[PDB]
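S.K.: Handing you a structure now.
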Amino acid sequence: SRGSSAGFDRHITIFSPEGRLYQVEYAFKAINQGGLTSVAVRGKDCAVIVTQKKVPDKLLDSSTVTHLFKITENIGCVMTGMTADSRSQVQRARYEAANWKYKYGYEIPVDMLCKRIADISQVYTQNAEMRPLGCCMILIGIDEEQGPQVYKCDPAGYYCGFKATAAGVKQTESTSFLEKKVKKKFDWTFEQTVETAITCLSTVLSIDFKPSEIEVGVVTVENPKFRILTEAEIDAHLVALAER
Amino acid sequence: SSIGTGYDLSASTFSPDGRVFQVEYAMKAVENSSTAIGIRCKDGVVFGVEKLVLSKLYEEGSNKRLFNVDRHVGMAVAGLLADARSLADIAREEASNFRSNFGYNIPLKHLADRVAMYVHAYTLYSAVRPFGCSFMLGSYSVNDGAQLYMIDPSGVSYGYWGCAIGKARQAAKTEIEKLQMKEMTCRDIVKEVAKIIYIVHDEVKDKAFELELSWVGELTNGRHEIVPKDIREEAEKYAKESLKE
Amino acid sequence: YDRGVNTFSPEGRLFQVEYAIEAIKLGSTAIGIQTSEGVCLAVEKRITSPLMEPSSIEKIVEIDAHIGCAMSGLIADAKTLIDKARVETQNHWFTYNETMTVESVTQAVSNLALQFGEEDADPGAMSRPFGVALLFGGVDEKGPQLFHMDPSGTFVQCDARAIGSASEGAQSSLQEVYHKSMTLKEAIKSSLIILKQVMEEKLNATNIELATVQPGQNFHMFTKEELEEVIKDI
Amino acid sequence: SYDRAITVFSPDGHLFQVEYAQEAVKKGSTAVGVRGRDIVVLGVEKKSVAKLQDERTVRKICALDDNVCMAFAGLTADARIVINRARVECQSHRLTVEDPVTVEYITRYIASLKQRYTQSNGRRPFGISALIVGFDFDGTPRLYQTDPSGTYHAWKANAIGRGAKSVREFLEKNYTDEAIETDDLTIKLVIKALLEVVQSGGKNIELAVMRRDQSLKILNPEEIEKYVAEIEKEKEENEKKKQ
Amino acid sequence: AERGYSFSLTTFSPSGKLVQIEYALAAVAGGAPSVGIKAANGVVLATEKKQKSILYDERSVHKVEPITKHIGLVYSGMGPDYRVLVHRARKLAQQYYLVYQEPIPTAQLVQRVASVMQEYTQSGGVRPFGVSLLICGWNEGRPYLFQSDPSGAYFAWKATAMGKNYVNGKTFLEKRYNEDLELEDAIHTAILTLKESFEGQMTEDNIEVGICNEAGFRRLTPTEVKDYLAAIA
Amino acid sequence: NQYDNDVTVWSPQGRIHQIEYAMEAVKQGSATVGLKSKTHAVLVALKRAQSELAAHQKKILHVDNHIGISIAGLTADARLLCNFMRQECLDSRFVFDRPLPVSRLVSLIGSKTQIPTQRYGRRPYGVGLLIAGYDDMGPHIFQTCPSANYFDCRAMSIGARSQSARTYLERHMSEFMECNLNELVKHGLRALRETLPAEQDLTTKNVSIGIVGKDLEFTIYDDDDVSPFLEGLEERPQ
Amino acid sequence: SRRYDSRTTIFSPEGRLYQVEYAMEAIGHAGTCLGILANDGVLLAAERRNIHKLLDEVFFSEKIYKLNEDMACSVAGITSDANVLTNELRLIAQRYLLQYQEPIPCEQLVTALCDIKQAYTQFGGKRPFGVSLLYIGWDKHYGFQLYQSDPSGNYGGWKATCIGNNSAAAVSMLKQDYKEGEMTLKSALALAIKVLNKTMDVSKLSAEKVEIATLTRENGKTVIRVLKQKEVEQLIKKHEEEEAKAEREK
Amino acid sequence: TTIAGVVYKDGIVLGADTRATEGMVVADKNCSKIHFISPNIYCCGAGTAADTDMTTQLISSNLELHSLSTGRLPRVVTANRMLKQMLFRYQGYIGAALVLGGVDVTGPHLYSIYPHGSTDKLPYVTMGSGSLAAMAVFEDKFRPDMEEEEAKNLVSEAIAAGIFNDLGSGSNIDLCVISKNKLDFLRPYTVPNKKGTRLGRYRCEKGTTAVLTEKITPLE
């Protein structure tokens, strides 16, 4: 054992002799091929997403380059990994949300959306005909009673709620940073949250970004509609970090 | 960047380093294809295609790599041709169905998203193979503006100001970045397109070729049309003369 | 190494079809001769035991009163095509009230050519080609006709044709002795001669079968005595 | 559903699955059959005489209808399937047509069935061979045999299963119009043929006979012992006082 | 476009083994440990819900799930598979209730779920579940504790353990536990057998516990688990 | 050798070997040529016989009154495609009461033939076609490959040793648009002739001709109805 | 797809089905199970592999399935497959009962299941059911009956037989001791205890290790009972007290 | 049948009668017409009895699944949606007339649901053959923001109006009170109806019935 293989356990989603699923792990590796890193932080009264916006060409309409998506007017998501797979999963999420509201008469909770997507991914995990998606979804939104919500789902079918998470290349390091900065116990405010996420990403890649190198999604209790920050307000958040 | 031990026989299989090699190979089939470029300005979008002639027996305008997807939407392809045609049929049907269901001309970004999801659907299973082609969609409206999108075999769709696909991709792009298309008009652009094509063409390896040109903009009232023989030959002349420097 | 049944060879052929062609080369040899007086079909029975009733061996059957068929190779596979041909003729009669042309029947059977495959098909579809070669002998408005068909689906009209294990030799022998003005008697005679040449056993009345189709007479399978009268004139 | 080509052509033009099926038949209990004038007899060899086993539950000689009986060799389960299908068809023939069933007809049905299983996706050839025996209206007695390929032929006498070649040779040398001139002589010929490959007993031989418009008759080991006794007697009253 | 592989991915080896099932069992015997104890007046299920960071919100996903009002579940092995099985089990329970207007007996639920598990060892294009289940229930006065494995086989237990170090937990149970125990004592020895492995400080948020008496199945509050984890109460 | 057996498998260099192997099936067939004037479209095809006692293979098939084809490759796939084309033409006449435009029929063939080059367990059509037609845009010669690609030709030739014909045609293109029917069929026959050794030549036994035009429905000539065309050719000597 | 297909319904060059044989190998490593016929009844006796100190025991049995009011069965191999097959058997019996309003003859039930198993061997591309079965029952046609079926869909009727681990030895022993037409439930019980005592790896033999069921005919009704551990211990003690009796003579 | 529902300050009062008729003959004197949907949601049923039974049970089941998955208490809108969509799909062929009431995170909610799939959200609703009488009671004596006992009195009064003025209704009165933190499933509220005491003893003595055949079967 300890890395043993038998049959096609490295080609399709069947068990390795030590009970692993190699294709799933390979999907996790496929997430990093994008070369991007996303940070998600939950506040006392909000939830914030931030992601690198690598546009190496001026021949692109920046306006069309985004890993932030509106799933519902009050549910936002960030995708990390293979692009097309990400958009596919986004479409599926949107459909599941709309259908949810249509059948049940109320807005879908982030919890249940994430659980649904993960449940779907598990099928790819257990059936041989198709391969898992090389993407990772992080959802943010305000629930009716539980407050702000940050959830995340895997190509493995795992899903969970977090105070803070990250995805992509600088994942483990971002987790280390965030789990260090959570133990402090500070007034998790709107600006505190935004700054925390931005600085996490920045220090983890070390940049002091331009306002055109990242994108910031956000959702608040006072304003539950998922809002994508203009480059202007992003910069407004940037210059405030170079003061202390 | 080259693992082939059974890990590259199906699109339902990841490589141990997290890659799908079938899609990469289809992309490679696109890379071996003649170059096609498209560029967006302030009053529309222009397409140019280097259509390699394999025989003098073929008629003028055979194997067109420029398509009318909708009356307001044009399509430029590169790669395995039959695949490109099939995708053109798909795009056409999507646009048609959109009109029948919603009453108006399909927005370009939406058509792009739809066809791209369709393309992505072929990169997941062993039962089918990825499309061996990349394509550009161009459109113009007064309510949306001029728009140009590009889609690759993986299913990725992006919006561009200028784009190119095929053999001389990067060279073409370098030639394109010299233009200030955000201020020029399609008229001025046609010449530059033809020019970049004639530059990027390799007369040594590839023999004779034919230039395809497509309008879509305010000059055409939103209708994607072929460039008139006049403007075409004008641009070609401008190109040939610009080639001697 | 296993590949699909619909895989091309680098030469541009279907492996299964070619292997089927190979499978024919083991079949009992058969001879057909076309003549303005009629068409004759002769085939060896290949009895492998005195205990086997030879009358239960039919490698020549009636498709219809004006069309016969001689088969070589995997007979079990041939039975299906024979039945399909008969049904086809009867449907044509039903619909149009007129007999089928030999070429039309032949074409009909040939339509079941490359109708095999794995994926994207009915659950009752063929998995492999038919390992059988056919010789259709008939009479219509264009007179006496003779056609040949192989597992490739390609069918062609022939003046004199041999199929089976001793195909090449018998075909050469046929070439040496055929002209577009023979009598039916000369045709039958020749057929029996070449057959005796290529057969490993001694030619006799209960060792081959012979059938004719003439413009004035429906499909006729020769009886034992009728065979004896011909074998007499060796 | 499962749509995969199981039976395919080999480069030399062979249908390997069908050949392996025929091997499976070749591993079967020996079964022989002979045709007489007013009697037809079929006998099967090794009954896997475990003695702890109910013989009735393991007979290899079934009846398809009142008119037609059958023996087999190969995979007993496959045989059960083919047999029952043949029975259904035997009845459906009576439904669709007022007349009963000819031996050649049911033989043709079974054969076509096997051939169909040699050429259909997902399916696997029946690994059995059958000896079909009957009396048709008009009174002509008939014996046919089928094969995993779908081919079928009429015989005067034949054998299938383990050592079919040996018993076939014996039958070739012994089948006369003198033998099988009486029922008791044809049955004797069958027992004589079977004892040439069996482990020499009589408790290891099953024998069934059909005759005229009468039903199938299975022979109890007492009668079989009697026949084998007259056999050993004639094998010592025409073979002992000579050599 | 897509259809489906129609052949078995789980086949017999020449030794007579169903290799994929045993590899699935290997996946089970690599997951966080779980304990189940049937105790005269009730049943206890407990498991190691040890996260990997302080960032994980442990108040969002659970390992001890209710199937109905009188049946509970825990697992060892892969999470997502377990989640699937939980949905399916709930559905089965509700079908039973729709047909009989009577809460589903624990054994019947176990049998149906086990049938579902067996399907994925023979049907086409799928691998077996990498999950062993512990199912507790209250029906017909008596308490019930079952375990179902990836082969689709199930066993009734008085007490057992699964996951990492399940053998030593099993022995520990065989010695330091027996019948005539009240549910409280059972919870005690359950947290005790989980503690025979829980590398680190076992807090009220490091483990999850569920109970099943004749008042219904329920998950224990973190407070109650703290009181129990005070090595007392 | 692992990228050889399935059409759904790209090679690491951006090729599909099953498609190319399928393309090779065209070259195994007897040569055929097709050319057009400004009024007429002509297919000329070299038939081919197994033995001398067998007739020569049909090479030209009738599709509709204004459309005919010449085949090269697997004959079964040829008849398949032929039936497809016939049905499409019939459908068009049934619904619109006007003949189906040739370019659209060709496009339909492309669409239909592309499909199995993307599905597992499916194979490409092992046949190349030359299509002669006449419509509102005049005469037409089209070429269809197993790759599901198609070409609008001014003239073309496919099959074994068809490169020679291709060269000859490539020489006399500028003449074709103004030729008369007799001269057009002549040129086609010469193109077909250059595909033979000096030992063998055209006959009324191994040549089929197909013509369609502004004053002539698609028609097939062979045997003795070919003689008027051949008896008017220059005995090209080695 | 053609690559991953293990080809389960395919002949081997020697003319055999590999998966069926391998399944038989799986059966060989399962709990020993035997059945013996008598004149006044018929019985099943099987080794219990579910023998651990912490098992709860909530079922009437472990390897003895009731199929019908006149019929019962025991099993050997993979247990889940056994659950499937047993459920299906019950279904078949009830279908026959619904159709003819009388109990299904045992042979018909066995054949009905065996055709399903055979079907699994011939087409579908699925693995076969790694299970052999022993059937005991009574009917108005053949009275008391014992049957046996293998994963090939092949079945046979027996007067005595065994299945599972060390089956061959058990069969030889049965061939020695059996008593055609002279069998009683008591004698057959003794024989079962004997063979089970020799074949079982773990000697001494506790009732915690064996499971016995009898099928008998009382007053027009059919009675199927599983022996309580007490009766079993009586039988074992009887066996030892007879074994220590014949060893005195030397 | 007379069923009603009302919205008061702290929640919802549901009411129903208990008579089940087959034609113009009383079959049941104590039929339960108030059905459990979820712990916080209840449903009165008129129309085709079997249809209301199965509809209400099915929705209860699906809602239990829903809440089990969500870990939250079901909403009334959800029940309304499920019911109305199921019913619309069947085009009135499922004769379920319903009064649906419950308490949510968003508060108390009362819908009336018709067999064709139309719904109405109203502070007070009535369904059934006796619905017009009950509606009269409501339209005469209803005020918004009533207290619990007042609401119970009003609803019981409406159900009574139905009982005494409709031949389809009768017997007892069932109430179900649902508040933000209480559930009073009073069954029955008050039986304003009684069979008169038997004046005679029509008791038959042993042996008065002639017997042709007897057969005793001992059990266990």
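Every chain in the structure tokens takes a letter, A first, then B, and so on in the order presented; its residues are numbered from 1, and the ligands are numbered from 1 following the presented order.
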Please run DSSP on the backbone and report, as an MDAnalysis selection string, all residues within chain A that come out as alpha helix (DSSP H).
M.R.: chainID A and resid 22:32 83:104 110:126 172:182 190:205 231:239
S.K.: Leaving out segment 68-84 of chain H and any residue of its chain fewer than 5 positions from it, which residues lie within 6 Å of it when counting only C-alpha atoms, given as a count of residues only?
M.R.: 4
S.K.: I need the residues of segment 23-240 of chain G that end up classed as strand (DSSP E) by DSSP on the backbone, written out as number ranges by chain.
M.R.: G: 33-37, 42-47, 64-68, 71-77, 131-139, 143-149, 155-158, 160-163, 210-218, 221-226
S.K.: Give me the residues within 12 Å of residue 168 of chain C as a PyMOL selection string, counting only C-alpha atoms and dropping any in the same chain fewer than 4 places off.
M.R.: (chain C and resi 25+29-31+161-164+172-175+194+198) or (chain F and resi 50-51)
S.K.: Those same residues, written as a PDB file, in the first residue's frame with N, CA, C and O atoms?
M.R.:
ATOM      1  N   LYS C  25     -13.334 -18.287 -47.252  1.00  0.00           N
ATOM      2  CA  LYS C  25     -12.358 -19.177 -47.892  1.00  0.00           C
ATOM      3  C   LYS C  25     -12.361 -20.607 -47.341  1.00  0.00           C
ATOM      4  O   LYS C  25     -11.651 -21.475 -47.849  1.00  0.00           O
ATOM      5  N   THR C  29     -17.201 -24.819 -52.047  1.00  0.00           N
ATOM      6  CA  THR C  29     -17.115 -24.070 -53.298  1.00  0.00           C
ATOM      7  C   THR C  29     -18.414 -24.152 -54.100  1.00  0.00           C
ATOM      8  O   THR C  29     -19.075 -25.176 -54.095  1.00  0.00           O
ATOM      9  N   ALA C  30     -18.795 -23.067 -54.767  1.00  0.00           N
ATOM     10  CA  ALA C  30     -20.025 -23.070 -55.564  1.00  0.00           C
ATOM     11  C   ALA C  30     -19.816 -22.406 -56.919  1.00  0.00           C
ATOM     12  O   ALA C  30     -19.014 -21.483 -57.046  1.00  0.00           O
ATOM     13  N   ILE C  31     -20.549 -22.876 -57.924  1.00  0.00           N
ATOM     14  CA  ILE C  31     -20.399 -22.389 -59.292  1.00  0.00           C
ATOM     15  C   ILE C  31     -21.732 -21.933 -59.879  1.00  0.00           C
ATOM     16  O   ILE C  31     -22.734 -22.641 -59.796  1.00  0.00           O
ATOM     17  N   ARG C 161     -19.263 -17.523 -62.361  1.00  0.00           N
ATOM     18  CA  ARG C 161     -18.584 -17.157 -61.123  1.00  0.00           C
ATOM     19  C   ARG C 161     -18.449 -18.331 -60.161  1.00  0.00           C
ATOM     20  O   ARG C 161     -19.333 -19.184 -60.073  1.00  0.00           O
ATOM     21  N   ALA C 162     -17.331 -18.369 -59.445  1.00  0.00           N
ATOM     22  CA  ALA C 162     -17.109 -19.390 -58.435  1.00  0.00           C
ATOM     23  C   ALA C 162     -16.803 -18.746 -57.089  1.00  0.00           C
ATOM     24  O   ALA C 162     -16.059 -17.769 -57.014  1.00  0.00           O
ATOM     25  N   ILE C 163     -17.397 -19.292 -56.032  1.00  0.00           N
ATOM     26  CA  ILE C 163     -17.128 -18.854 -54.667  1.00  0.00           C
ATOM     27  C   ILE C 163     -16.725 -20.069 -53.844  1.00  0.00           C
ATOM     28  O   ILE C 163     -17.069 -21.192 -54.202  1.00  0.00           O
ATOM     29  N   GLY C 164     -15.997 -19.850 -52.751  1.00  0.00           N
ATOM     30  CA  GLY C 164     -15.588 -20.942 -51.882  1.00  0.00           C
ATOM     31  C   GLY C 164     -14.084 -21.139 -51.749  1.00  0.00           C
ATOM     32  O   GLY C 164     -13.291 -20.284 -52.146  1.00  0.00           O
ATOM     33  N   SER C 172     -10.572 -19.874 -62.830  1.00  0.00           N
ATOM     34  CA  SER C 172      -9.692 -19.991 -63.989  1.00  0.00           C
ATOM     35  C   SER C 172     -10.261 -21.000 -64.986  1.00  0.00           C
ATOM     36  O   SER C 172     -10.401 -20.710 -66.185  1.00  0.00           O
ATOM     37  N   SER C 173     -10.603 -22.180 -64.470  1.00  0.00           N
ATOM     38  CA  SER C 173     -11.213 -23.238 -65.271  1.00  0.00           C
ATOM     39  C   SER C 173     -12.466 -22.745 -65.991  1.00  0.00           C
ATOM     40  O   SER C 173     -12.696 -23.080 -67.153  1.00  0.00           O
ATOM     41  N   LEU C 174     -13.266 -21.945 -65.290  1.00  0.00           N
ATOM     42  CA  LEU C 174     -14.465 -21.341 -65.864  1.00  0.00           C
ATOM     43  C   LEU C 174     -14.119 -20.387 -67.005  1.00  0.00           C
ATOM     44  O   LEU C 174     -14.757 -20.412 -68.059  1.00  0.00           O
ATOM     45  N   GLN C 175     -13.110 -19.546 -66.783  1.00  0.00           N
ATOM     46  CA  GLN C 175     -12.662 -18.591 -67.789  1.00  0.00           C
ATOM     47  C   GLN C 175     -12.248 -19.303 -69.066  1.00  0.00           C
ATOM     48  O   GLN C 175     -12.559 -18.853 -70.170  1.00  0.00           O
ATOM     49  N   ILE C 194     -15.733 -29.023 -63.500  1.00  0.00           N
ATOM     50  CA  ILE C 194     -14.854 -28.223 -62.648  1.00  0.00           C
ATOM     51  C   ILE C 194     -15.056 -28.568 -61.171  1.00  0.00           C
ATOM     52  O   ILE C 194     -14.095 -28.640 -60.392  1.00  0.00           O
ATOM     53  N   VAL C 198     -12.271 -29.893 -58.455  1.00  0.00           N
ATOM     54  CA  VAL C 198     -11.906 -29.261 -57.187  1.00  0.00           C
ATOM     55  C   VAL C 198     -12.356 -30.024 -55.935  1.00  0.00           C
ATOM     56  O   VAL C 198     -11.766 -29.865 -54.867  1.00  0.00           O
TER      57      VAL C 198
ATOM     58  N   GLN F  50     -13.763  -7.411 -61.455  1.00  0.00           N
ATOM     59  CA  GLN F  50     -13.044  -8.430 -60.699  1.00  0.00           C
ATOM     60  C   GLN F  50     -12.322  -9.366 -61.666  1.00  0.00           C
ATOM     61  O   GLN F  50     -11.108  -9.269 -61.850  1.00  0.00           O
ATOM     62  N   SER F  51     -13.079 -10.267 -62.282  1.00  0.00           N
ATOM     63  CA  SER F  51     -12.560 -11.102 -63.360  1.00  0.00           C
ATOM     64  C   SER F  51     -13.221 -10.691 -64.671  1.00  0.00           C
ATOM     65  O   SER F  51     -14.136  -9.870 -64.679  1.00  0.00           O
TER      66      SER F  51
END
S.K.: Residues at most 6 Å from segment 175-184 of chain H, counting only C-alpha atoms, excluding those fewer than 4 positions away in the same chain, as a list in words?
M.R.: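 Skipping anything fewer than 4 positions along the chain leaves residues 10, 11, 12, 13, 14, 15 and 189 of chain H.
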S.K.: Next, write the just-selected residues to a file, as a PDB file, in the first residue's frame, keeping N, CA, C and O atoms as the atom set.
M.R.:
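And here is the file that came out, part-v3.pdb:
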ATOM      1  N   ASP H  10     -51.623  36.182  18.093  1.00  0.00           N
ATOM      2  CA  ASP H  10     -50.483  35.334  18.419  1.00  0.00           C
ATOM      3  C   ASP H  10     -50.364  34.127  17.501  1.00  0.00           C
ATOM      4  O   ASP H  10     -49.438  33.328  17.640  1.00  0.00           O
ATOM      5  N   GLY H  11     -51.298  33.990  16.565  1.00  0.00           N
ATOM      6  CA  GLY H  11     -51.242  32.892  15.618  1.00  0.00           C
ATOM      7  C   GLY H  11     -52.515  32.587  14.848  1.00  0.00           C
ATOM      8  O   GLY H  11     -53.104  33.460  14.207  1.00  0.00           O
ATOM      9  N   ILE H  12     -52.939  31.328  14.918  1.00  0.00           N
ATOM     10  CA  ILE H  12     -53.966  30.808  14.028  1.00  0.00           C
ATOM     11  C   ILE H  12     -54.890  29.803  14.700  1.00  0.00           C
ATOM     12  O   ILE H  12     -54.431  28.900  15.396  1.00  0.00           O
ATOM     13  N   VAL H  13     -56.192  29.962  14.481  1.00  0.00           N
ATOM     14  CA  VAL H  13     -57.163  28.987  14.966  1.00  0.00           C
ATOM     15  C   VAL H  13     -57.831  28.261  13.801  1.00  0.00           C
ATOM     16  O   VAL H  13     -58.430  28.888  12.933  1.00  0.00           O
ATOM     17  N   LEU H  14     -57.709  26.938  13.785  1.00  0.00           N
ATOM     18  CA  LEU H  14     -58.372  26.112  12.785  1.00  0.00           C
ATOM     19  C   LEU H  14     -59.554  25.392  13.422  1.00  0.00           C
ATOM     20  O   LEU H  14     -59.505  25.015  14.590  1.00  0.00           O
ATOM     21  N   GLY H  15     -60.623  25.218  12.655  1.00  0.00           N
ATOM     22  CA  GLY H  15     -61.823  24.574  13.158  1.00  0.00           C
ATOM     23  C   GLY H  15     -62.423  23.623  12.144  1.00  0.00           C
ATOM     24  O   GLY H  15     -62.324  23.847  10.939  1.00  0.00           O
ATOM     25  N   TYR H 189     -63.426  20.066  20.678  1.00  0.00           N
ATOM     26  CA  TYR H 189     -63.656  21.293  21.429  1.00  0.00           C
ATOM     27  C   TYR H 189     -64.874  21.165  22.338  1.00  0.00           C
ATOM     28  O   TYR H 189     -64.754  21.211  23.562  1.00  0.00           O
TER      29      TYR H 189
END
S.K.: Any idea which chain A residues end up within 10 Å of chain H if we count only C-alpha atoms, as an mmCIF file with N, CA and C atoms, in the first residue's frame please?
M.R.:
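And here is the file that came out, out.cif:
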data_model
loop_
_atom_site.group_PDB
_atom_site.id
_atom_site.type_symbol
_atom_site.label_atom_id
_atom_site.label_comp_id
_atom_site.auth_asym_id
_atom_site.auth_seq_id
_atom_site.Cartn_x
_atom_site.Cartn_y
_atom_site.Cartn_z
ATOM 1 N N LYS A 101 -36.669 28.229 -5.384
ATOM 2 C CA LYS A 101 -37.654 29.263 -5.078
ATOM 3 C C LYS A 101 -39.002 28.946 -5.721
ATOM 4 N N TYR A 102 -38.961 28.376 -6.920
ATOM 5 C CA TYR A 102 -40.181 28.025 -7.638
ATOM 6 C C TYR A 102 -40.981 26.939 -6.924
ATOM 7 N N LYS A 103 -40.285 25.941 -6.390
ATOM 8 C CA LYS A 103 -40.949 24.814 -5.740
ATOM 9 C C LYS A 103 -41.367 25.104 -4.304
ATOM 10 N N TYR A 104 -40.557 25.878 -3.591
ATOM 11 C CA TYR A 104 -40.719 26.012 -2.147
ATOM 12 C C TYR A 104 -41.199 27.387 -1.690
ATOM 13 N N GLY A 105 -41.204 28.350 -2.602
ATOM 14 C CA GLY A 105 -41.772 29.653 -2.314
ATOM 15 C C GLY A 105 -40.881 30.585 -1.515
ATOM 16 N N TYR A 106 -39.718 30.100 -1.093
ATOM 17 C CA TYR A 106 -38.759 30.968 -0.416
ATOM 18 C C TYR A 106 -37.355 30.885 -1.011
ATOM 19 N N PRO A 109 -31.277 28.916 0.958
ATOM 20 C CA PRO A 109 -30.168 29.222 1.869
ATOM 21 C C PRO A 109 -28.850 28.704 1.305
ATOM 22 N N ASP A 111 -26.346 27.286 2.644
ATOM 23 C CA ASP A 111 -26.180 25.932 3.163
ATOM 24 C C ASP A 111 -26.693 24.878 2.179
ATOM 25 N N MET A 112 -27.964 25.009 1.811
ATOM 26 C CA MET A 112 -28.638 24.037 0.957
ATOM 27 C C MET A 112 -28.162 24.070 -0.497
ATOM 28 N N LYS A 115 -24.771 22.322 -0.374
ATOM 29 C CA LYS A 115 -25.059 20.904 -0.182
ATOM 30 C C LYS A 115 -25.523 20.255 -1.485
ATOM 31 N N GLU A 144 -31.471 34.300 6.896
ATOM 32 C CA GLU A 144 -32.513 35.020 7.624
ATOM 33 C C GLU A 144 -32.258 35.121 9.131
ATOM 34 N N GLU A 145 -31.592 34.121 9.703
ATOM 35 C CA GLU A 145 -31.437 34.060 11.155
ATOM 36 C C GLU A 145 -30.016 33.750 11.615
#
S.K.: Find the residues of chain F in contact range of chain C, meaning any atom within 6 Å when counting only C-alpha atoms, and list them as a ChimeraX atom specification.
M.R.: /F:5,21-22,24-25,53-55,75-76,121,123
S.K.: Generate the output file for the selected residues, N, CA and C atoms, as a short mmCIF file (atom, residue, chain, number, x, y, z; two decimals), in the first residue's frame.
M.R.:
data_model
loop_
_atom_site.label_atom_id
_atom_site.label_comp_id
_atom_site.auth_asym_id
_atom_site.auth_seq_id
_atom_site.Cartn_x
_atom_site.Cartn_y
_atom_site.Cartn_z
N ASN F 5 -7.37 3.31 -32.79
CA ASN F 5 -8.56 2.47 -32.90
C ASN F 5 -9.91 3.11 -32.57
N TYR F 21 -7.33 7.11 -41.85
CA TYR F 21 -7.43 5.74 -42.33
C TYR F 21 -8.68 5.58 -43.17
N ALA F 22 -9.76 6.25 -42.74
CA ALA F 22 -11.00 6.26 -43.50
C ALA F 22 -10.80 6.95 -44.85
N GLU F 24 -8.15 6.97 -46.51
CA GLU F 24 -7.42 6.01 -47.34
C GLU F 24 -8.33 5.07 -48.13
N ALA F 25 -9.57 4.91 -47.68
CA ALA F 25 -10.53 4.04 -48.36
C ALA F 25 -10.94 4.59 -49.72
N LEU F 53 -15.14 -12.39 -66.47
CA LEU F 53 -16.50 -12.93 -66.53
C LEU F 53 -17.45 -12.19 -65.59
N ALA F 54 -16.98 -11.09 -65.02
CA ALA F 54 -17.80 -10.24 -64.17
C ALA F 54 -17.97 -8.88 -64.82
N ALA F 55 -19.16 -8.30 -64.67
CA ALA F 55 -19.41 -6.96 -65.19
C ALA F 55 -18.61 -5.93 -64.40
N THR F 75 -18.70 0.68 -51.00
CA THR F 75 -19.91 0.79 -51.79
C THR F 75 -21.17 0.85 -50.92
N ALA F 76 -21.12 0.19 -49.77
CA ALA F 76 -22.23 0.20 -48.83
C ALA F 76 -22.48 1.61 -48.29
N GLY F 121 -17.44 4.49 -30.63
CA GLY F 121 -17.94 3.28 -31.24
C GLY F 121 -18.51 3.52 -32.63
N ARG F 123 -18.02 5.14 -36.62
CA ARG F 123 -16.95 5.26 -37.61
C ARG F 123 -17.31 6.29 -38.68
#
S.K.: Within 12 Å of chain B, which residues of chain G come that close, and what is the closest atom pair and distance in Å for each? Count only C-alpha atoms and give it as a tab-separated table.
M.R.:
residue	atom	partner	partner_atom	distance
G:1	CA	B:126	CA	7.2
G:2	CA	B:126	CA	10.5
G:3	CA	B:9	CA	10.2
G:4	CA	B:126	CA	11.2
